[PDB]
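opening piece of the complex, as it sits:
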Amino acid sequence: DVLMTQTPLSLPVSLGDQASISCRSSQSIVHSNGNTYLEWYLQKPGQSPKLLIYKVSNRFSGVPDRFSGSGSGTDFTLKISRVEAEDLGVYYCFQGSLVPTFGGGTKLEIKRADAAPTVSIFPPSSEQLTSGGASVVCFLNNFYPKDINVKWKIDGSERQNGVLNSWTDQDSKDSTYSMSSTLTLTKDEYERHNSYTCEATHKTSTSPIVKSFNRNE
């Protein structure tokens, strides 16, 4: 089995900078006819992939000349000298020879300064509480890098169950991310505790960002 090990999986870049996506085969992919069938595709969010480079270093027709391929041994490289806002998305290498294998992906994204999440906890709505349910939502807005962690607590007691998180993609305006955790309980179960905490630990402070409330209000 041939393995296309593509790195890195995430490459934040500042506009106008040169990007370098690498892709390595677990052994030579040079075919019998002497040809190397190593292409590069880019899948922009919401659309299908599209051919960029074919035969290792050849640019497909209509492809921005800032794109270029190369690659020898088992190491191939995609370069985007001068990254524009249209180049952002997921890049894939692909050895379409023997058993066609895709690289893993390298999400081209924008780089900005680190930024701490801005947390906000919301108690269950009375209407949800009428149906017998009770979600406690925590928005962890506008941060960077995207790497963030959330721990819930009930009466100081950690609660790892029924918590459904969901992250937004990099914000187009400020290049930040936002996450959304949600502890869903039962009305009765909810109505048997006071303190509902959610602590966001991000790359910025070594101290979790705590957000709490008491049904005592």
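Yes, it's here. Residues are numbered from 1 along each chain as shown, chains lettered A, B, ... in the order given.

pull out the buried positions in stretch A:141-156.
A:142, A:143, A:144, A:145, A:146, A:148, A:150, A:151, A:152, A:153, A:154 (16 or more other C-beta atoms under 10 Å). Just so you know, the C-beta spots here come from the backbone N, C-alpha and C atoms, and that holds for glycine as well.

and it, how far out from the chain middle?
16 Å (C-alpha atoms, centre = their mean, to the nearest Å).

middle-most residue in chain A, spatially?
Taking C-alpha atoms, centre = their mean, the centroid of chain A lies closest to residue A:169, which sits 6.6 Å from it.

tabulate the buried residues of stretch A:141-156 in a markdown table, adding columns for secondary structure and distance to residue A:15.
As requested, these are exported to a markdown table (DSSP: H, G, I helix; E, B strand; the rest coil; distance: C-beta to C-beta, whole Å):
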| residue | secondary structure | distance to residue A:15 |
| --- | --- | --- |
| A:142 | strand | 20 |
| A:143 | strand | 20 |
| A:144 | strand | 16 |
| A:145 | coil | 18 |
| A:146 | coil | 18 |
| A:148 | strand | 24 |
| A:150 | strand | 31 |
| A:151 | strand | 35 |
| A:152 | strand | 38 |
| A:153 | strand | 41 |
| A:154 | strand | 44 |
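
for the residues you listed, which one is nearest residue A:184?
residue A:152 (10.7 Å; C-beta to C-beta).

beta partners of that closest one?
Beta-bridge pairing of residue A:152 under DSSP bridges involves residue A:198.

tell me who's in contact with it.
Residues counted as contacts of residue A:152 (C-beta atoms under 8 Å, 6 or more residues apart in numbering) are A:136, A:138, A:158, A:159, A:160, A:163, A:181, A:183, A:196, A:197, A:198.

can you say which of these are buried?
A:136, A:138, A:159, A:163, A:181, A:183, A:196, A:197, A:198.

tell me the SS of the residue of chain A positioned farthest from its centre?
Using C-alpha atoms, centre = their mean, the residue of chain A lying farthest from its centre is residue A:33. It sits 38.9 Å away. At residue A:33 the chain is in coil, as set by DSSP: H, G, I helix; E, B strand; the rest coil.

tell me how chain A divides into domains.
As assigned by curated CATH domains, chain A contains the domains A:1-112, A:114-213.

got the end-to-end distance for the longest one?
This points to domain A:1-112. In domain A:1-112, first residue to last residue: 39 Å (C-alpha to C-alpha, to the nearest Å).

next one: stretch A:96-110
30 Å.

same question for stretch A:51-67.
11 Å.

and the contacts of it?
In contact with stretch A:51-67 (C-beta under 8 Å, 6+ apart) are residues A:35-42, A:68-71, A:76, A:78-84, A:86-87, A:91.

filter these down to the buried ones, ChimeraX style.
Command for ChimeraX that selects the buried part of the contacts of stretch A:51-67, burial taken from 16+ other C-beta under 10 Å:
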select /A:36,37,38,39,40,41,42,68,69,71,76,78,80,83,87,91
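
what about the contacts of stretch A:51-67, which are in strands?
A:38, A:39, A:40, A:41, A:42, A:68, A:76, A:78, A:79, A:80, A:91 (DSSP state E).

now the two most distant members of these.
The farthest-apart pair in these, when distances are taken by C-beta to C-beta, is A:38 and A:80, at 16.9 Å.

chain B comes next; put it on the structure above:
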Amino acid sequence: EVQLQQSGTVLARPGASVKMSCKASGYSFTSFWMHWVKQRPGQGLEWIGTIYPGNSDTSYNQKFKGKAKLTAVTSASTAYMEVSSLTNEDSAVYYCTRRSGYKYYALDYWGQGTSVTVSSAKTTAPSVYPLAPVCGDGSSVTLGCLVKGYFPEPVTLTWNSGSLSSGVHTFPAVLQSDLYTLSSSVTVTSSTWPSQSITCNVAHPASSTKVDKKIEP
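So, slotting chain B in with the rest:
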């Protein structure tokens, strides 16, 4: 002029089989290899298999051997794929793309893709919940909406019929036991709300549902 059209969005119950089409045009169907690629909800691209029409040769990924059945009908210029014994892992987007011969030798044309959802879920309108900040007592005030327990995707959520858009953070829907859950955060200056009405308009087309939820205190 080469055009790859694929069948629509299919919602399949688990354990079933799903047959999808891919109508080619603008080129000789029988002279090129049609490839199929799978993309699970969150991961990269996976090569499934390939058929050469007009001789019906096939080549599968070991993983898909008994799972994906590639066929082609030259009089319909349509490649087909039947994914059977449907599991959760079969929920993904499927692309039929063409392997060009001379010039490029690569997947230069792709279809818009086919979205298959494997679930036992029945069609369910959402439950839209207002998320007012905790209790009484900064410069900006974060509000939100919780849209949960719906089937199937998608839903559309706007803030104030759309007047509010900056500061809005709509997070990706996630399935938590047969149904979907989506949430949205709207950050507006203190002097805007409650001084101003901030309604959350949720539409679930599959259920012919348009719901407004005004965020009161």
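
the contacts of stretch A:51-67 again please, chain B included this time.
A:35-42, A:68-71, A:76, A:78-84, A:86-87, A:91, B:104-108 (C-beta atoms under 8 Å, 6 or more residues apart in numbering or on different chains).

can we see that at 6 Å?
Here stretch A:51-67 makes contact (C-beta atoms under 6 Å, 6 or more residues apart in numbering or on different chains) with A:36, A:38-40, A:42, A:69-71, A:80-82, B:104, B:106, B:108.

so who does residue B:117 touch?
B:11, B:91 are the contacts of residue B:117 under C-beta under 6 Å, 6+ apart.

what's the closest non-adjacent residue to residue A:137?
Distances taken as C-beta to C-beta, 6 or more residues apart in numbering or on different chains place residue A:122 nearest to residue A:137, at 4.6 Å, with adjacent residues excluded.

near chain B, which residues of chain A are found?
Within chain A, the positions adjacent to chain B are A:39, A:48, A:51, A:54, A:92, A:100, A:102, A:104-105, A:120, A:122, A:125, A:128, A:137, A:139, A:164, A:166, A:168, A:178, A:180, A:213, A:217 by C-beta under 6 Å from any C-beta of the partner chain.

quick one, helices of chain A?
Counting by DSSP state H, the segments of chain A that form helices are A:126-130, A:187-190.

in TSV: the ones you listed, plus mean neighbour count and distance to residue B:159.
TSV is the format used below for the helices of chain A (neighbours: other C-beta atoms under 10 Å in any protein chain shown; distance: least, C-beta to C-beta, whole Å):
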stretch	mean neighbour count	distance to residue B:159
helix A:126-130	14	19
helix A:187-190	15	27
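
switch these over to a markdown table; also include distance to residue A:22.
As requested, the helices of chain A are arranged in a markdown table below (distance: least, C-beta to C-beta, whole Å):
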| stretch | distance to residue A:22 |
| --- | --- |
| helix A:126-130 | 48 |
| helix A:187-190 | 50 |
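
so what's the closest residue to residue A:4 other than its chain neighbours up against?
Leaving aside its sequence neighbours, residue A:4 sits nearest to residue A:103 (C-beta to C-beta, 6+ apart; 4.2 Å). By C-beta under 6 Å, 6+ apart, the contact list for residue A:103 reads A:4, A:6, A:23, A:92, A:93.

can you say which of the residues you listed are buried?
When these are checked for burial by 16 or more other C-beta atoms under 10 Å in any protein chain shown, the buried set is A:4, A:6, A:23, A:92, A:93.

quick one: which of those residues sit in strands?
A:4, A:6, A:23, A:92, A:93.

now the third one, which residues is it bridged with?
So the one you mean is residue A:23. Beta-bridge partners, per DSSP bridges, of residue A:23: residue A:6, residue A:76.

stretch B:139-155 and chain A, are they touching?
Yes - using C-beta under 6 Å from any C-beta, stretch B:139-155 reaches chain A at residue B:142.

other residues contacting that stretch?
Contacts for stretch B:139-155 (C-beta under 6 Å, 6+ apart): A:120, B:11, B:121, B:123-124, B:126-129, B:131, B:179-187, B:189-190, B:193, B:198, B:200, B:202, B:204, B:206, B:215.

among these, which are in strands?
A:120, B:11, B:127-129, B:131, B:180-187, B:189, B:200, B:202, B:204.

distance check, the spatially closest residue to the residue nearest to the centre of chain A that is not a sequence neighbour against residue A:94.
Leaving aside its sequence neighbours, residue A:169 sits nearest to residue A:45 (C-beta to C-beta, 6+ apart; 7.0 Å). Distance of residue A:45 to residue A:94, computed by C-beta to C-beta, to the nearest Å: 19 Å.
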